[PDB]
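Dumped my_file_37.cif below, it's mmCIF, N, CA and C atoms and all ligand atoms:
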data_upload
loop_
_atom_site.label_atom_id
_atom_site.label_comp_id
_atom_site.auth_asym_id
_atom_site.auth_seq_id
_atom_site.Cartn_x
_atom_site.Cartn_y
_atom_site.Cartn_z
N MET A 1 69.21 97.03 81.88
CA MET A 1 70.27 97.68 81.03
C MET A 1 71.59 97.65 81.79
N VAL A 2 72.73 97.66 81.06
CA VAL A 2 74.11 97.93 81.58
C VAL A 2 74.09 99.16 82.50
N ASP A 3 73.19 100.09 82.25
CA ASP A 3 73.01 101.29 83.08
C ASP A 3 72.77 101.02 84.55
N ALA A 4 72.20 99.88 84.88
CA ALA A 4 71.96 99.52 86.28
C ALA A 4 73.27 99.27 87.06
N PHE A 5 74.34 99.00 86.34
CA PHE A 5 75.67 98.81 86.96
C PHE A 5 76.33 100.13 87.34
N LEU A 6 75.89 101.21 86.76
CA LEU A 6 76.61 102.49 86.89
C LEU A 6 76.49 103.00 88.32
N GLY A 7 77.54 103.62 88.79
CA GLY A 7 77.56 104.30 90.07
C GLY A 7 78.69 103.85 90.94
N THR A 8 78.56 104.09 92.24
CA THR A 8 79.62 103.89 93.24
C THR A 8 79.16 102.80 94.21
N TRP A 9 80.00 101.80 94.33
CA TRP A 9 79.71 100.54 95.02
C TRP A 9 80.79 100.28 96.07
N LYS A 10 80.39 99.93 97.27
CA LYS A 10 81.33 99.69 98.37
C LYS A 10 81.29 98.22 98.78
N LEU A 11 82.43 97.64 98.98
CA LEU A 11 82.50 96.21 99.36
C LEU A 11 81.87 96.05 100.73
N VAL A 12 80.94 95.10 100.82
CA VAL A 12 80.21 94.66 102.06
C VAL A 12 80.44 93.19 102.43
N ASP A 13 80.92 92.32 101.53
CA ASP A 13 81.12 90.88 101.83
C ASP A 13 82.16 90.30 100.90
N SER A 14 82.97 89.36 101.37
CA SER A 14 84.02 88.75 100.55
C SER A 14 84.15 87.31 101.01
N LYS A 15 84.26 86.43 100.06
CA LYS A 15 84.50 84.98 100.27
C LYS A 15 85.61 84.50 99.33
N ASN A 16 86.64 83.92 99.92
CA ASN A 16 87.72 83.19 99.19
C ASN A 16 88.62 84.11 98.38
N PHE A 17 88.75 85.37 98.72
CA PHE A 17 89.65 86.25 97.95
C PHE A 17 91.09 85.81 98.11
N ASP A 18 91.46 85.34 99.31
CA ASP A 18 92.86 84.88 99.51
C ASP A 18 93.18 83.72 98.52
N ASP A 19 92.26 82.80 98.35
CA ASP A 19 92.46 81.67 97.43
C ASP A 19 92.65 82.18 96.00
N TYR A 20 91.82 83.11 95.60
CA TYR A 20 91.94 83.71 94.28
C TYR A 20 93.29 84.39 94.15
N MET A 21 93.69 85.23 95.08
CA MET A 21 94.98 85.90 94.97
C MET A 21 96.13 84.90 94.97
N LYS A 22 96.11 83.86 95.80
CA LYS A 22 97.18 82.84 95.79
C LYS A 22 97.26 82.20 94.40
N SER A 23 96.12 81.98 93.76
CA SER A 23 96.07 81.28 92.48
C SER A 23 96.82 82.10 91.43
N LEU A 24 96.93 83.43 91.59
CA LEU A 24 97.64 84.31 90.67
C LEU A 24 99.08 84.55 91.13
N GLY A 25 99.49 83.95 92.23
CA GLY A 25 100.86 84.11 92.73
C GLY A 25 101.14 85.41 93.46
N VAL A 26 100.08 86.02 94.00
CA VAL A 26 100.22 87.24 94.80
C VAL A 26 100.90 86.88 96.12
N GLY A 27 101.91 87.64 96.49
CA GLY A 27 102.73 87.38 97.69
C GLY A 27 101.92 87.56 98.99
N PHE A 28 102.36 86.92 100.05
CA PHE A 28 101.58 86.82 101.30
C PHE A 28 101.38 88.21 101.88
N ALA A 29 102.35 89.12 101.78
CA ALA A 29 102.20 90.46 102.43
C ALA A 29 101.11 91.26 101.71
N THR A 30 101.06 91.14 100.38
CA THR A 30 100.01 91.83 99.60
C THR A 30 98.65 91.20 99.92
N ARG A 31 98.60 89.87 100.02
CA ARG A 31 97.33 89.18 100.34
C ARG A 31 96.86 89.61 101.74
N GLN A 32 97.66 89.82 102.61
CA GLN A 32 97.29 90.25 103.97
C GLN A 32 96.64 91.64 103.92
N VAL A 33 97.24 92.60 103.24
CA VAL A 33 96.67 93.96 103.08
C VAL A 33 95.36 93.90 102.33
N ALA A 34 95.33 93.15 101.25
CA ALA A 34 94.09 93.07 100.44
C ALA A 34 92.94 92.35 101.14
N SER A 35 93.21 91.48 102.07
CA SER A 35 92.18 90.76 102.85
C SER A 35 91.43 91.73 103.76
N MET A 36 92.02 92.89 104.04
CA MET A 36 91.35 93.82 104.97
C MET A 36 90.81 95.07 104.28
N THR A 37 91.16 95.34 103.01
CA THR A 37 90.66 96.54 102.33
C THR A 37 89.17 96.35 102.03
N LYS A 38 88.49 97.46 101.89
CA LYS A 38 87.09 97.47 101.46
C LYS A 38 86.95 98.47 100.33
N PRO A 39 87.37 98.07 99.13
CA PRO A 39 87.47 98.95 98.00
C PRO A 39 86.09 99.47 97.60
N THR A 40 86.17 100.59 96.89
CA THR A 40 85.04 101.23 96.17
C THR A 40 85.20 100.92 94.67
N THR A 41 84.16 100.42 93.99
CA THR A 41 84.12 100.23 92.54
C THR A 41 83.29 101.35 91.99
N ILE A 42 83.80 102.10 91.02
CA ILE A 42 82.99 103.15 90.35
C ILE A 42 82.87 102.76 88.87
N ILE A 43 81.64 102.72 88.34
CA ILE A 43 81.39 102.37 86.96
C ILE A 43 80.68 103.55 86.32
N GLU A 44 81.25 104.04 85.24
CA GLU A 44 80.76 105.22 84.53
C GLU A 44 80.70 104.90 83.02
N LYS A 45 79.83 105.59 82.29
CA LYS A 45 79.77 105.48 80.83
C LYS A 45 79.77 106.84 80.17
N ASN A 46 80.34 106.86 78.97
CA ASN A 46 80.28 107.98 78.05
C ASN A 46 80.06 107.34 76.69
N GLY A 47 78.80 107.38 76.26
CA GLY A 47 78.43 106.71 75.01
C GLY A 47 78.69 105.23 75.18
N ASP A 48 79.44 104.62 74.27
CA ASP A 48 79.66 103.17 74.49
C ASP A 48 81.01 102.90 75.16
N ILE A 49 81.66 103.93 75.71
CA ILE A 49 82.89 103.68 76.52
C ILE A 49 82.55 103.59 78.00
N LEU A 50 82.89 102.46 78.61
CA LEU A 50 82.75 102.30 80.07
C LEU A 50 84.10 102.59 80.70
N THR A 51 84.05 103.09 81.92
CA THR A 51 85.23 103.24 82.77
C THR A 51 84.91 102.56 84.08
N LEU A 52 85.81 101.71 84.53
CA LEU A 52 85.66 101.00 85.80
C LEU A 52 86.89 101.32 86.65
N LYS A 53 86.63 101.96 87.77
CA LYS A 53 87.66 102.30 88.72
C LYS A 53 87.53 101.48 89.95
N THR A 54 88.63 101.12 90.58
CA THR A 54 88.56 100.60 91.96
C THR A 54 89.51 101.44 92.78
N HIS A 55 89.05 101.84 93.93
CA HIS A 55 89.77 102.72 94.87
C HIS A 55 89.83 102.11 96.24
N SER A 56 91.00 102.11 96.85
CA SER A 56 91.17 101.64 98.22
C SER A 56 92.37 102.35 98.83
N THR A 57 92.61 102.00 100.09
CA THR A 57 93.81 102.50 100.82
C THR A 57 95.09 101.85 100.35
N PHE A 58 95.01 100.76 99.60
CA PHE A 58 96.18 100.04 99.13
C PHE A 58 96.49 100.42 97.69
N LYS A 59 95.46 100.41 96.87
CA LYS A 59 95.65 100.60 95.45
C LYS A 59 94.41 101.15 94.80
N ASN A 60 94.75 101.73 93.66
CA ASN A 60 93.81 102.29 92.68
C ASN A 60 94.01 101.54 91.37
N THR A 61 92.92 101.28 90.67
CA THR A 61 92.98 100.83 89.29
C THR A 61 91.96 101.62 88.50
N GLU A 62 92.18 101.62 87.22
CA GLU A 62 91.17 102.14 86.33
C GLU A 62 91.36 101.52 84.96
N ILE A 63 90.28 101.11 84.31
CA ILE A 63 90.27 100.68 82.92
C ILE A 63 89.16 101.37 82.18
N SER A 64 89.34 101.64 80.89
CA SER A 64 88.25 102.08 80.03
C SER A 64 88.21 101.13 78.85
N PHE A 65 87.05 100.87 78.32
CA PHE A 65 86.84 99.88 77.26
C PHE A 65 85.53 100.12 76.57
N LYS A 66 85.50 99.62 75.36
CA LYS A 66 84.27 99.54 74.59
C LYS A 66 83.75 98.12 74.78
N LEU A 67 82.48 97.93 75.10
CA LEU A 67 81.95 96.56 75.27
C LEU A 67 82.17 95.74 74.00
N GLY A 68 82.67 94.51 74.14
CA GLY A 68 82.87 93.55 73.07
C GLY A 68 84.04 93.83 72.22
N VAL A 69 84.93 94.77 72.60
CA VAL A 69 86.16 95.09 71.85
C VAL A 69 87.37 94.84 72.74
N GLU A 70 88.29 94.03 72.27
CA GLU A 70 89.51 93.64 73.03
C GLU A 70 90.32 94.89 73.36
N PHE A 71 90.99 94.87 74.52
CA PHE A 71 91.93 95.91 74.97
C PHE A 71 93.10 95.23 75.67
N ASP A 72 94.22 95.94 75.64
CA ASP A 72 95.37 95.52 76.48
C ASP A 72 95.22 96.18 77.86
N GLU A 73 95.50 95.42 78.89
CA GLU A 73 95.30 95.86 80.30
C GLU A 73 96.67 95.55 80.92
N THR A 74 97.27 96.51 81.64
CA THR A 74 98.29 96.15 82.65
C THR A 74 97.52 96.07 83.96
N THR A 75 97.49 94.88 84.52
CA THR A 75 96.81 94.62 85.80
C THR A 75 97.62 95.29 86.92
N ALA A 76 97.03 95.28 88.09
CA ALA A 76 97.63 95.87 89.31
C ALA A 76 98.94 95.16 89.64
N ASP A 77 99.02 93.84 89.38
CA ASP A 77 100.20 92.97 89.70
C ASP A 77 101.11 92.81 88.49
N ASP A 78 100.92 93.67 87.48
CA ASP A 78 101.83 93.81 86.30
C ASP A 78 101.74 92.53 85.44
N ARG A 79 100.56 91.93 85.36
CA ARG A 79 100.27 90.95 84.29
C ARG A 79 99.99 91.80 83.02
N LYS A 80 100.70 91.49 81.92
CA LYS A 80 100.33 92.12 80.64
C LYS A 80 99.37 91.15 79.97
N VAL A 81 98.10 91.58 79.89
CA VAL A 81 96.95 90.70 79.53
C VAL A 81 96.17 91.32 78.37
N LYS A 82 95.52 90.49 77.61
CA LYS A 82 94.47 90.75 76.58
C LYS A 82 93.10 90.60 77.24
N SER A 83 92.30 91.66 77.19
CA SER A 83 91.03 91.64 77.93
C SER A 83 89.83 91.95 77.01
N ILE A 84 88.67 91.53 77.43
CA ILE A 84 87.39 91.92 76.79
C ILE A 84 86.35 91.99 77.90
N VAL A 85 85.42 92.93 77.79
CA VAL A 85 84.26 93.00 78.68
C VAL A 85 83.05 92.97 77.80
N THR A 86 82.05 92.22 78.24
CA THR A 86 80.80 92.05 77.46
C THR A 86 79.63 91.91 78.41
N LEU A 87 78.43 92.16 77.92
CA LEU A 87 77.21 91.73 78.63
C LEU A 87 76.79 90.35 78.13
N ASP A 88 76.55 89.45 79.07
CA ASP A 88 76.21 88.05 78.82
C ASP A 88 75.17 87.66 79.83
N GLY A 89 73.93 87.43 79.41
CA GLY A 89 72.87 87.07 80.35
C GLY A 89 72.66 88.14 81.36
N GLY A 90 72.86 89.37 80.96
CA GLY A 90 72.67 90.49 81.88
C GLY A 90 73.82 90.70 82.87
N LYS A 91 74.87 89.93 82.73
CA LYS A 91 76.06 90.06 83.59
C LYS A 91 77.18 90.72 82.84
N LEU A 92 77.98 91.48 83.55
CA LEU A 92 79.10 92.21 82.94
C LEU A 92 80.34 91.30 83.06
N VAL A 93 80.78 90.64 81.99
CA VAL A 93 81.83 89.60 82.03
C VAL A 93 83.12 90.22 81.54
N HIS A 94 84.13 90.24 82.38
CA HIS A 94 85.49 90.75 82.08
C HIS A 94 86.43 89.57 82.04
N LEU A 95 86.93 89.20 80.85
CA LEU A 95 87.86 88.06 80.65
C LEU A 95 89.22 88.62 80.37
N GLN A 96 90.22 88.13 81.10
CA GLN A 96 91.64 88.44 80.94
C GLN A 96 92.36 87.17 80.47
N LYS A 97 93.23 87.33 79.47
CA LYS A 97 94.07 86.18 78.88
C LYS A 97 95.50 86.63 78.88
N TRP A 98 96.31 85.73 79.39
CA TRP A 98 97.77 85.91 79.29
C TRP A 98 98.44 84.56 79.47
N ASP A 99 99.41 84.30 78.59
CA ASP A 99 100.19 83.02 78.65
C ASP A 99 99.31 81.78 78.67
N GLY A 100 98.23 81.79 77.91
CA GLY A 100 97.29 80.68 77.84
C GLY A 100 96.47 80.58 79.11
N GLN A 101 96.72 81.44 80.13
CA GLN A 101 95.87 81.49 81.32
C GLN A 101 94.65 82.39 81.06
N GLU A 102 93.64 82.19 81.88
CA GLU A 102 92.44 83.03 81.80
C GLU A 102 91.97 83.30 83.22
N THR A 103 91.39 84.46 83.43
CA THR A 103 90.55 84.70 84.62
C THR A 103 89.32 85.49 84.20
N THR A 104 88.20 85.21 84.83
CA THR A 104 86.97 85.95 84.59
C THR A 104 86.57 86.69 85.85
N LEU A 105 86.09 87.91 85.63
CA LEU A 105 85.51 88.77 86.66
C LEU A 105 84.08 89.02 86.20
N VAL A 106 83.13 88.40 86.85
CA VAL A 106 81.72 88.47 86.39
C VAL A 106 80.91 89.26 87.40
N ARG A 107 80.23 90.32 86.94
CA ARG A 107 79.42 91.18 87.83
C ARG A 107 77.96 91.03 87.47
N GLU A 108 77.13 90.95 88.47
CA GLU A 108 75.67 90.88 88.28
C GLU A 108 75.01 91.59 89.45
N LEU A 109 73.77 91.88 89.21
CA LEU A 109 72.96 92.62 90.16
C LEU A 109 71.89 91.67 90.68
N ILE A 110 71.83 91.53 91.98
CA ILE A 110 70.82 90.69 92.68
C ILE A 110 70.30 91.46 93.88
N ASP A 111 68.99 91.75 93.88
CA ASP A 111 68.34 92.45 94.99
C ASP A 111 69.06 93.78 95.25
N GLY A 112 69.50 94.49 94.20
CA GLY A 112 70.12 95.81 94.36
C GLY A 112 71.58 95.78 94.74
N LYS A 113 72.14 94.60 94.96
CA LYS A 113 73.55 94.46 95.31
C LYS A 113 74.32 94.05 94.08
N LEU A 114 75.60 94.37 94.04
CA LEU A 114 76.44 93.94 92.92
C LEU A 114 77.33 92.80 93.41
N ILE A 115 77.21 91.67 92.75
CA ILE A 115 77.97 90.45 93.08
C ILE A 115 79.03 90.23 92.03
N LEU A 116 80.29 90.21 92.46
CA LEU A 116 81.47 89.98 91.63
C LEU A 116 81.97 88.57 91.92
N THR A 117 82.03 87.75 90.88
CA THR A 117 82.60 86.41 90.98
C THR A 117 83.88 86.39 90.21
N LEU A 118 84.99 86.11 90.89
CA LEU A 118 86.35 86.06 90.31
C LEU A 118 86.83 84.62 90.22
N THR A 119 87.09 84.12 89.00
CA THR A 119 87.46 82.71 88.80
C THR A 119 88.82 82.65 88.13
N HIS A 120 89.73 81.88 88.72
CA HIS A 120 91.04 81.59 88.09
C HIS A 120 91.40 80.15 88.43
N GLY A 121 91.42 79.32 87.42
CA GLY A 121 91.57 77.87 87.66
C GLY A 121 90.48 77.39 88.56
N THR A 122 90.77 76.73 89.69
CA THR A 122 89.74 76.22 90.59
C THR A 122 89.29 77.28 91.59
N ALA A 123 90.06 78.36 91.71
CA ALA A 123 89.77 79.37 92.74
C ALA A 123 88.57 80.23 92.31
N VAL A 124 87.60 80.32 93.16
CA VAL A 124 86.38 81.10 92.95
C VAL A 124 86.14 82.00 94.15
N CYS A 125 86.17 83.29 93.94
CA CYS A 125 85.90 84.28 95.00
C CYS A 125 84.62 85.04 94.70
N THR A 126 83.79 85.25 95.72
CA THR A 126 82.54 85.98 95.57
C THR A 126 82.60 87.19 96.46
N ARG A 127 82.39 88.35 95.88
CA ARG A 127 82.49 89.61 96.63
C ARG A 127 81.27 90.47 96.35
N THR A 128 80.71 91.02 97.39
CA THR A 128 79.39 91.66 97.33
C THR A 128 79.62 93.11 97.69
N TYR A 129 78.99 93.98 96.89
CA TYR A 129 79.11 95.45 96.94
C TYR A 129 77.72 96.05 97.13
N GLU A 130 77.59 97.13 97.91
CA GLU A 130 76.34 97.86 98.03
C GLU A 130 76.53 99.26 97.50
N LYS A 131 75.42 99.79 96.97
CA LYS A 131 75.46 101.08 96.29
C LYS A 131 75.69 102.18 97.31
N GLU A 132 76.56 103.13 96.97
CA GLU A 132 76.60 104.46 97.64
C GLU A 132 75.75 105.48 96.88
N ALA A 133 75.37 106.55 97.57
CA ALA A 133 74.67 107.71 96.95
C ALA A 133 75.62 108.56 96.10
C1 LIG B 1 87.47 94.59 91.91
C2 LIG B 1 88.44 94.71 92.96
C3 LIG B 1 87.55 94.24 94.08
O1 LIG B 1 87.29 92.99 94.11
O2 LIG B 1 87.02 95.01 94.82
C4 LIG B 1 89.74 93.99 92.68
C5 LIG B 1 90.98 94.63 92.72
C6 LIG B 1 92.14 93.97 92.40
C7 LIG B 1 92.13 92.61 92.14
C8 LIG B 1 93.39 91.88 91.87
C9 LIG B 1 94.28 92.42 90.95
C10 LIG B 1 95.48 91.78 90.67
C11 LIG B 1 95.78 90.57 91.29
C12 LIG B 1 94.91 90.03 92.21
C13 LIG B 1 93.70 90.67 92.47
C14 LIG B 1 90.90 91.99 92.22
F1 LIG B 1 90.82 90.69 91.95
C15 LIG B 1 89.71 92.67 92.40
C1 LIG B 2 91.34 94.52 96.35
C2 LIG B 2 92.25 95.62 95.93
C3 LIG B 2 92.44 96.63 97.03
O1 LIG B 2 92.70 96.33 98.20
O2 LIG B 2 92.25 97.86 96.73
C4 LIG B 2 93.60 95.15 95.44
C5 LIG B 2 94.37 95.98 94.65
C6 LIG B 2 95.62 95.60 94.19
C7 LIG B 2 96.12 94.32 94.48
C8 LIG B 2 97.48 93.91 94.07
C9 LIG B 2 97.76 92.59 93.81
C10 LIG B 2 99.06 92.19 93.51
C11 LIG B 2 100.08 93.14 93.45
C12 LIG B 2 99.81 94.44 93.74
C13 LIG B 2 98.52 94.83 94.06
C14 LIG B 2 95.35 93.52 95.29
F1 LIG B 2 95.79 92.31 95.56
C15 LIG B 2 94.11 93.89 95.75
#

Take the structure I supplied and represent it as structure tokens, if you would.
Ligand SMILES: C[C@@H](C(=O)O)c1ccc(-c2ccccc2)c(F)c1
Ligand SMILES: C[C@@H](C(=O)O)c1ccc(-c2ccccc2)c(F)c1
Amino acid sequence: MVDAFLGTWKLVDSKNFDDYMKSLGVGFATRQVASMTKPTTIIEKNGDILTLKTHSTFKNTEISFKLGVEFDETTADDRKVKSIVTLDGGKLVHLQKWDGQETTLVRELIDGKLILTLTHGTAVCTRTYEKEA
């Protein structure tokens, strides 16, 4: 169930995040700070509304959405985007569209860990989170 995603997750591994951030035009000073943060992802539900928070020493984000229903998102870097989150093959797929561009944030559970794959053009970043109590 989507319920297996719920809770508090701490970053334990990251691959190619700098490439992903460069692909979105994130400036070098922000990429430097973000390369060292170890954010917390919190996923909560109330009926069919999910809330996904990310917390770090650099930045906070939060979105709420109904699965399979489009929402407007102002991203952390002030992209004004059209978004949707869905379950697809048991993975939580978050698609953002703006200016004919797309990025996907795909979350899945493997051996109790949460694996986030971030794709924008050719850039693919894999980030691994472990559950907190
Ligand atoms: C989910 C969280 C994380 O990976 O821990 C996160 C936070 C912000 C971003 C982000 C947001 C705006 C531009 C570039 C990257 C991200 F890709 C992932
Ligand atoms: C990964 C996460 C974090 O460190 O908390 C994060 C959050 C915000 C950003 C971001 C990205 C571009 C502009 C402003 C902020 C990021 F690159 C990474």

Practice prompt. Return the single residue from A:20, A:9, A:65, A:28 that is closest to residue 133 (chain A), with distances computed using all atoms listed in the file.
Written response: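 Looking only at the distances to residue 133 (chain A), the closest residue turns out to be A:9.
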
Return as an mmCIF file with N, CA and C atoms, in the frame of the given file the residues of protein, DNA or RNA that approach ligand LIG 2 (chain B) to within 5 Å, with only N, CA and C atoms and all ligand atoms taken into account.
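Saved as pocket.cif:
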data_model
loop_
_atom_site.group_PDB
_atom_site.id
_atom_site.type_symbol
_atom_site.label_atom_id
_atom_site.label_comp_id
_atom_site.auth_asym_id
_atom_site.auth_seq_id
_atom_site.Cartn_x
_atom_site.Cartn_y
_atom_site.Cartn_z
ATOM 1 N N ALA A 34 95.330 93.150 101.250
ATOM 2 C CA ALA A 34 94.090 93.070 100.440
ATOM 3 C C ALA A 34 92.940 92.350 101.140
ATOM 4 N N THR A 37 91.160 95.340 103.010
ATOM 5 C CA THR A 37 90.660 96.540 102.330
ATOM 6 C C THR A 37 89.170 96.350 102.030
ATOM 7 N N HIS A 55 89.050 101.840 93.930
ATOM 8 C CA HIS A 55 89.770 102.720 94.870
ATOM 9 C C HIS A 55 89.830 102.110 96.240
ATOM 10 N N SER A 56 91.000 102.110 96.850
ATOM 11 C CA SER A 56 91.170 101.640 98.220
ATOM 12 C C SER A 56 92.370 102.350 98.830
ATOM 13 N N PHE A 58 95.010 100.760 99.600
ATOM 14 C CA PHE A 58 96.180 100.040 99.130
ATOM 15 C C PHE A 58 96.490 100.420 97.690
ATOM 16 N N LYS A 59 95.460 100.410 96.870
ATOM 17 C CA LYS A 59 95.650 100.600 95.450
ATOM 18 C C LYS A 59 94.410 101.150 94.800
ATOM 19 N N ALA A 76 97.030 95.280 88.090
ATOM 20 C CA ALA A 76 97.630 95.870 89.310
ATOM 21 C C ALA A 76 98.940 95.160 89.640
ATOM 22 N N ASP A 77 99.020 93.840 89.380
ATOM 23 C CA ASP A 77 100.200 92.970 89.700
ATOM 24 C C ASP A 77 101.110 92.810 88.490
#

Discussion item. List as a ChimeraX atom specification the protein and nucleic acid residues lying within 8 Å of ligand LIG 1 (chain B), with only N, CA and C atoms and all ligand atoms counted.
Written reply: /A:10-11,17,20-22,24-26,37-41,53-55,59-61,75-79,105,116,118,126-128

Would you save the residues from that selection as a compact mmCIF listing (two decimals), keeping the file's coordinate frame, using N, CA and C atoms?
# COMPACT_ATOMS: atom_id res chain seq x y z
N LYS A 10 80.39 99.93 97.27
CA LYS A 10 81.33 99.69 98.37
C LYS A 10 81.29 98.22 98.78
N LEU A 11 82.43 97.64 98.98
CA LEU A 11 82.50 96.21 99.36
C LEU A 11 81.87 96.05 100.73
N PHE A 17 88.75 85.37 98.72
CA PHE A 17 89.65 86.25 97.95
C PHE A 17 91.09 85.81 98.11
N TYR A 20 91.82 83.11 95.60
CA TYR A 20 91.94 83.71 94.28
C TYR A 20 93.29 84.39 94.15
N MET A 21 93.69 85.23 95.08
CA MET A 21 94.98 85.90 94.97
C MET A 21 96.13 84.90 94.97
N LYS A 22 96.11 83.86 95.80
CA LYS A 22 97.18 82.84 95.79
C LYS A 22 97.26 82.20 94.40
N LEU A 24 96.93 83.43 91.59
CA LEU A 24 97.64 84.31 90.67
C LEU A 24 99.08 84.55 91.13
N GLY A 25 99.49 83.95 92.23
CA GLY A 25 100.86 84.11 92.73
C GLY A 25 101.14 85.41 93.46
N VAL A 26 100.08 86.02 94.00
CA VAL A 26 100.22 87.24 94.80
C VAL A 26 100.90 86.88 96.12
N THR A 37 91.16 95.34 103.01
CA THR A 37 90.66 96.54 102.33
C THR A 37 89.17 96.35 102.03
N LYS A 38 88.49 97.46 101.89
CA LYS A 38 87.09 97.47 101.46
C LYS A 38 86.95 98.47 100.33
N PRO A 39 87.37 98.07 99.13
CA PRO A 39 87.47 98.95 98.00
C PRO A 39 86.09 99.47 97.60
N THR A 40 86.17 100.59 96.89
CA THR A 40 85.04 101.23 96.17
C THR A 40 85.20 100.92 94.67
N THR A 41 84.16 100.42 93.99
CA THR A 41 84.12 100.23 92.54
C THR A 41 83.29 101.35 91.99
N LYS A 53 86.63 101.96 87.77
CA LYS A 53 87.66 102.30 88.72
C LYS A 53 87.53 101.48 89.95
N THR A 54 88.63 101.12 90.58
CA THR A 54 88.56 100.60 91.96
C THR A 54 89.51 101.44 92.78
N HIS A 55 89.05 101.84 93.93
CA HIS A 55 89.77 102.72 94.87
C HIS A 55 89.83 102.11 96.24
N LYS A 59 95.46 100.41 96.87
CA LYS A 59 95.65 100.60 95.45
C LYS A 59 94.41 101.15 94.80
N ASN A 60 94.75 101.73 93.66
CA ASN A 60 93.81 102.29 92.68
C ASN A 60 94.01 101.54 91.37
N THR A 61 92.92 101.28 90.67
CA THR A 61 92.98 100.83 89.29
C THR A 61 91.96 101.62 88.50
N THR A 75 97.49 94.88 84.52
CA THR A 75 96.81 94.62 85.80
C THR A 75 97.62 95.29 86.92
N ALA A 76 97.03 95.28 88.09
CA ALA A 76 97.63 95.87 89.31
C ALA A 76 98.94 95.16 89.64
N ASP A 77 99.02 93.84 89.38
CA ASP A 77 100.20 92.97 89.70
C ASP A 77 101.11 92.81 88.49
N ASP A 78 100.92 93.67 87.48
CA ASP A 78 101.83 93.81 86.30
C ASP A 78 101.74 92.53 85.44
N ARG A 79 100.56 91.93 85.36
CA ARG A 79 100.27 90.95 84.29
C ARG A 79 99.99 91.80 83.02
N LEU A 105 86.09 87.91 85.63
CA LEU A 105 85.51 88.77 86.66
C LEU A 105 84.08 89.02 86.20
N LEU A 116 80.29 90.21 92.46
CA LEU A 116 81.47 89.98 91.63
C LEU A 116 81.97 88.57 91.92
N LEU A 118 84.99 86.11 90.89
CA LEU A 118 86.35 86.06 90.31
C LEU A 118 86.83 84.62 90.22
N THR A 126 83.79 85.25 95.72
CA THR A 126 82.54 85.98 95.57
C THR A 126 82.60 87.19 96.46
N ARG A 127 82.39 88.35 95.88
CA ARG A 127 82.49 89.61 96.63
C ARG A 127 81.27 90.47 96.35
N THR A 128 80.71 91.02 97.39
CA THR A 128 79.39 91.66 97.33
C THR A 128 79.62 93.11 97.69

Name all residues at most 12 Å from residue 99 (chain A) (count only C-alpha atoms; drop same-chain ones fewer than 5 positions away) and give them as a PDB file with N, CA and C atoms, in the frame of the given file.
ATOM      1  N   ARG A  79     100.560  91.930  85.360  1.00  0.00           N
ATOM      2  CA  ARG A  79     100.270  90.950  84.290  1.00  0.00           C
ATOM      3  C   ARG A  79      99.990  91.800  83.020  1.00  0.00           C
ATOM      4  N   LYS A  80     100.700  91.490  81.920  1.00  0.00           N
ATOM      5  CA  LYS A  80     100.330  92.120  80.640  1.00  0.00           C
ATOM      6  C   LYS A  80      99.370  91.150  79.970  1.00  0.00           C
ATOM      7  N   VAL A  81      98.100  91.580  79.890  1.00  0.00           N
ATOM      8  CA  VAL A  81      96.950  90.700  79.530  1.00  0.00           C
ATOM      9  C   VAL A  81      96.170  91.320  78.370  1.00  0.00           C
ATOM     10  N   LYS A  82      95.520  90.490  77.610  1.00  0.00           N
ATOM     11  CA  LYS A  82      94.470  90.750  76.580  1.00  0.00           C
ATOM     12  C   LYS A  82      93.100  90.600  77.240  1.00  0.00           C
TER      13      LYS A  82
END

Among the residues of chain A, find those DSSP assigns to helix (DSSP H, G or I) from the backbone and print them as a compact mmCIF listing (two decimals) with N, CA and C atoms, in the frame of the given file.
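Wrote it out as out.txt, contents follow:
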# COMPACT_ATOMS: atom_id res chain seq x y z
N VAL A 2 72.73 97.66 81.06
CA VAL A 2 74.11 97.93 81.58
C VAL A 2 74.09 99.16 82.50
N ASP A 3 73.19 100.09 82.25
CA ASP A 3 73.01 101.29 83.08
C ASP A 3 72.77 101.02 84.55
N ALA A 4 72.20 99.88 84.88
CA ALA A 4 71.96 99.52 86.28
C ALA A 4 73.27 99.27 87.06
N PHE A 5 74.34 99.00 86.34
CA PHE A 5 75.67 98.81 86.96
C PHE A 5 76.33 100.13 87.34
N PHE A 17 88.75 85.37 98.72
CA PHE A 17 89.65 86.25 97.95
C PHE A 17 91.09 85.81 98.11
N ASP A 18 91.46 85.34 99.31
CA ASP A 18 92.86 84.88 99.51
C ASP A 18 93.18 83.72 98.52
N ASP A 19 92.26 82.80 98.35
CA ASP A 19 92.46 81.67 97.43
C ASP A 19 92.65 82.18 96.00
N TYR A 20 91.82 83.11 95.60
CA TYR A 20 91.94 83.71 94.28
C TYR A 20 93.29 84.39 94.15
N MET A 21 93.69 85.23 95.08
CA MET A 21 94.98 85.90 94.97
C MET A 21 96.13 84.90 94.97
N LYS A 22 96.11 83.86 95.80
CA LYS A 22 97.18 82.84 95.79
C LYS A 22 97.26 82.20 94.40
N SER A 23 96.12 81.98 93.76
CA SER A 23 96.07 81.28 92.48
C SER A 23 96.82 82.10 91.43
N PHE A 28 102.36 86.92 100.05
CA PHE A 28 101.58 86.82 101.30
C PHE A 28 101.38 88.21 101.88
N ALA A 29 102.35 89.12 101.78
CA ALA A 29 102.20 90.46 102.43
C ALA A 29 101.11 91.26 101.71
N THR A 30 101.06 91.14 100.38
CA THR A 30 100.01 91.83 99.60
C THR A 30 98.65 91.20 99.92
N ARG A 31 98.60 89.87 100.02
CA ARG A 31 97.33 89.18 100.34
C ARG A 31 96.86 89.61 101.74
N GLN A 32 97.66 89.82 102.61
CA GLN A 32 97.29 90.25 103.97
C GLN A 32 96.64 91.64 103.92
N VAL A 33 97.24 92.60 103.24
CA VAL A 33 96.67 93.96 103.08
C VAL A 33 95.36 93.90 102.33
N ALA A 34 95.33 93.15 101.25
CA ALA A 34 94.09 93.07 100.44
C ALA A 34 92.94 92.35 101.14
